[PDB]
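Just the one chain here, laid out as structure tokens, in the form deposited in one PDB entry.
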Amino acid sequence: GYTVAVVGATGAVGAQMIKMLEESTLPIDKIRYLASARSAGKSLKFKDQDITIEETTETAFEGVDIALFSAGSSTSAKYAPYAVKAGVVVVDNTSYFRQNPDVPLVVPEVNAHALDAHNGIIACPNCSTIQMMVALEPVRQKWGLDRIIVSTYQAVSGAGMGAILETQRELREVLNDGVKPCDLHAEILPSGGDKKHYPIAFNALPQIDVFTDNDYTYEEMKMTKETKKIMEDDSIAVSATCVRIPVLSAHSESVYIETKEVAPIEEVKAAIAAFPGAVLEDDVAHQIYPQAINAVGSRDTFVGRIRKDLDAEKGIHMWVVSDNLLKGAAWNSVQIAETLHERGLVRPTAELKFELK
């Protein structure tokens, strides 16, 4: 069996990493939980066993086979190269290594083949990208993809545990104390690293991550660049608007595509239904469609509202929902780890390709 390290075990994703590993088929001989210095000493469960949390350092990875990183891009930049040097295979949830050409950016249902040539780090894509890839791959396979326009409806748990708590307390202040939403005090949202913070209670914040130089945010540009890498097709036009709404968990997306050939809607529904990881929830006569509150706790990605554009021959609209901490993060990572096991790819990398910092 393996020694498996969860780096960021105390966070929003880390908690779900623990659950997914507890429910995994991966043969685990030893589990280790790693976090920051201030979490060291604390205990946390793996099944009915008590695990002491350890501080993440350059020397903490000796004897580890697989490390699942979910501790911020900075922690991955600092320690993942040391893990690879120690002979670990890292599965990283952060954005840091995603666009490195020596690093496979993987959704196992779409591009598992990319794992074969890994150099010790596999990147899990952005949550909003993953669920879109699960919904759209079956369509691309049969009719191609020319362009995507997406508007997202993203849950606050995507911003971490602190963002969940900020949201709940803001809502309680409005509903229980009568505070006007626009008078609320925020510390984290829309983006913890940015200069200004805004209330999310009864709001829709059209900013996720910080702004890039082309006036799209990094979140929107991640959807663009990650789609092209995962689908290994730079000709797919992708533009996004990424919005935070007062949902605790599960992202929703209004997705517009134009295919290369006309894709009959009943066939599109059937292709999506048949694709692993995608569930068709589409029966408008009975008001059936994906909903965030229904998707929470499921590894599946739910697709509905599927209909042709009113004017564009090859245009199709749909609605895509998935749990951002599961398929969007911890489940995608555990799936990758299971696939690495299945393919005999859990072993040390001889050549180190990532700079030690």
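Heads up: residue numbers just count along the shown sequence, starting at 1. In this text, the rigid core denotes the largest set of C-alpha atoms whose superposition between the two forms falls within 1.5 Å.
Form deposited in another entry: not shown, discussed below.
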### Per-residue C-alpha change between this form and the one not shown, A312, threshold 2 Å, rigid core fit
no
### Message
When the rigid core is used for the superposition, does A12 move between this form and the one not shown (threshold: C-alpha shift of 2 Å or more)?
### Response
yes
### Query
Would you say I293 moves its Cα by 2 Å or more between this form and the one not shown, aligning on the core?
no
